[PDB]
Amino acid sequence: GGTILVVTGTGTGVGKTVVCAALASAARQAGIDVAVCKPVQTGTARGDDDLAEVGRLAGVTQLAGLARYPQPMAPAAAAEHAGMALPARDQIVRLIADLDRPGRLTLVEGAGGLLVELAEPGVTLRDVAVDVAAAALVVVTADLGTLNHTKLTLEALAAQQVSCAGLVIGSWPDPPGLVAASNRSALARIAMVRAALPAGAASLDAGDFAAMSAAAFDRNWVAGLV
């Protein structure tokens, strides 16, 4: 096998997709083969497609998914509004395990936060992480309230013995501000801050995003992932 990392977040809209793209770009530039799995995607009616984002930003081609739901809701709510169940737990775990191979970094992007239901009955990305023996990278914001949501998420990981690979601030503001600067210092006292992506990084073209990603992550940490 290779390395499987679930990329979760403290909640919704925190930067999970752009962090997945940034780490994939950084890993590829270190020579690592990268695959990204988005088991469940919602909000397709308005055009949401996180895998296509990763492919355009980081050039990844191994992009695996199982289900797409039109409504921009939690997967279980989007599934219910469409009248079709979520995928099975076996579907998600086996897709991830089949993606995994030696020399490869396989990133699993969840929907919303860690305890969001992704499969029936009540299966979350935390359950998936246990099943595939993956560590968890936690995407956090720099905004008011992030320390509480980070601590809650890390405790939920530890409660099921899921290792934490570190934190990433999904959007670092410019200029930072008092709360943002205080939060970044405190976040590093909670867990290892692997990167802070500049605000607006999701809008970069592929070449600019690759330069940003290469500078945002520590090269020794990236190469050490596989």
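Don't overthink the numbering: it's just position in the shown sequence, from 1. Definition used throughout: the rigid core is the maximal C-alpha set that superposes within 1.5 Å between two forms.
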Quick note, superposing on core in 9 other deposited structures of this protein and taking C-alpha RMS, the more shifted stretch of 174-182 and 191-199 is 174-182
Read off the CA B-factors in the entry, average them over 4-12 and over 216-224, and name the higher stretch.
-> 216-224
C-alpha B factor of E117, ranked within the chain: lowest, middle or highest third?
-> middle
CA B-factor placement of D127, once the chain's modelled residues are sorted into thirds | middle
Quick tally, chain-level thirds of C-alpha B-factors: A135 sits in the middle
Determine, from the deposited record, the chain-internal third of the Cα B-factor for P70: lowest, middle or highest.
-> middle
Taking the chain's C-alpha temperature factors as the reference, tell me which third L86 falls into: lowest, middle or highest.
-> highest
